[PDB]
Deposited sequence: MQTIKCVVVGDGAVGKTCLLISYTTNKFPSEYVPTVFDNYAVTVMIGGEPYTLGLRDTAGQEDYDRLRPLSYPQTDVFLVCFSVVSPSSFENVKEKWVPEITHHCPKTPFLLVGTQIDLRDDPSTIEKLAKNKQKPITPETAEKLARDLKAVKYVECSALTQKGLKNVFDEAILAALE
């Protein structure tokens, strides 16, 4: 079969590691493991089996020459941001998209909004309000997706698993076309 190689980039603390663990164990994380260790998974998409190769980049974020060692041999990028973190969202356009577009210009990529289950948590909307910011609208996200040439925008919650299975199917479909 085709072994799609999928790489998850984006700011720290947006839930990248959690996204992978929660999807390769079917169960959202009492403690979030600092370490995702499960490269290959076989995945069924509409009658066809496919092999996904998942690559975490956690811990690499603040090391400019180390990050790109993870970019070659990649069929699809997932650029992640927390919909409940505006700084993470700004970095999609100021840091992450320019970087993967430089090293891997012909590689497709999805914009992946994350931690949905907090978009409606009262205390979370409060901390943002106290700092004169608000959670990111899916509408806002779809626009940045169009502007940055992303294949498409998708959202999920590692904790709830809503949208989770949809993120990786869309990753696979982006790698084939």
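Gaps between the deposited sequence and the modelled structure occur only at positions 30.
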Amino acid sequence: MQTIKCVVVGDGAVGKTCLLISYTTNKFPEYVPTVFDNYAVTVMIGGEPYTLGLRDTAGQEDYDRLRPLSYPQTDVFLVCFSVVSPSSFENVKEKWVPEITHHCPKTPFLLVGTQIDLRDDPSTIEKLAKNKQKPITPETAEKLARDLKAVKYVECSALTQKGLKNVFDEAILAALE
From here on, numbers count along this sequence of modelled residues.
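Of the two segments examined, 67-75 and 101-109, it is 101-109 that shows the higher average Cα temperature factor in the deposited entry. Annotation for 51-59 versus 127-135: the higher mean temperature factor (C-alpha) is found in 127-135.
In this structure the maximum Cα B-factor among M44, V41, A141, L118 is found at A141. Ranking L159, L164, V9, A13 by the C-alpha B-factor listed in the PDB entry places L159 at the top.
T25: CA B factor in the highest third of modelled residues in this chain (values from the PDB entry).
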